[PDB]
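**Student:** Sequence unavailable; structure follows:
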RNA sequence: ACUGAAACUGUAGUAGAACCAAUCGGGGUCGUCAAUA
């Protein structure tokens, strides 16, 4: 089945990425913005630079240069798990327990988490 | 019912001044998929 509402519709227009120079939120000013939908960009007011490691032997060679630990499974996020990614309110409150999956992206008064 | 002759369209003059190839982005991470018996 398909849920009835697309997740973009469960996000408020004031929380979506900014579409114009006048709707720049704090991080869009501090870190800057480029409009993904048209003209409009802003150079960020915050620049990170001069990263230096202090420790010379900072890297854990696990024993030999050829050793390698196999690293769990980093799976892809699956927002289809509406009980994990969907919120019962635009306050971000979780879905209620015990309801069937169709409850998920179900009403416009639902929110994203 | 006696051709005028002779005469450099040339001389001077910087396609140039100003303009940031640049703005935003963690090499990141979980549950789905199939439909019957």
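**Tutor:** Perfect, I can see it now. Numbers count the residues shown, from 1 in each chain, chains lettered A, B, ... in the order given.
**Student:** Can you verify my assumption that residue A:88 contacts residue A:96?
**Tutor:** Yes - Residue A:88 is within contact range of residue A:96, at 6.0 Å (criterion: C-beta atoms under 8 Å). From N, CA and C alone the C-beta is placed, and that goes for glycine too.
**Student:** out of the two, which sits in the more crowded spot?
**Tutor:** residue A:88 (19 against 9; other C-beta atoms under 10 Å).
**Student:** Contact partners for that one?
**Tutor:** A:94, A:95, A:96, A:110, A:111 (C-beta atoms under 8 Å, 6 or more residues apart in numbering).
**Student:** What ranges does chain A have for its helices?
**Tutor:** Ranges of helices in chain A, per DSSP state H, are A:26-30, A:82-85.
**Student:** In TSV, list these along with mean neighbour count and distance to RNA strand B.
**Tutor:** Compiled in TSV, the helices of chain A are given as follows (neighbours: other C-beta atoms under 10 Å; distance: least, C-beta to the nearest atom of the strand, whole Å):
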stretch	mean neighbour count	distance to RNA strand B
helix A:26-30	12	8
helix A:82-85	16	5
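**Student:** Of all the ones you listed, which one is nearest residue A:8?
**Tutor:** For residue A:8, the closest of these is helix A:82-85, at 12.9 Å, according to C-beta to C-beta.
**Student:** Any chance you could list what contacts that closest one?
**Tutor:** By C-beta under 8 Å, 6+ apart, helix A:82-85 touches A:3, A:7, A:79, A:94, A:95, A:101, A:103, A:104, A:105, A:112, A:113.
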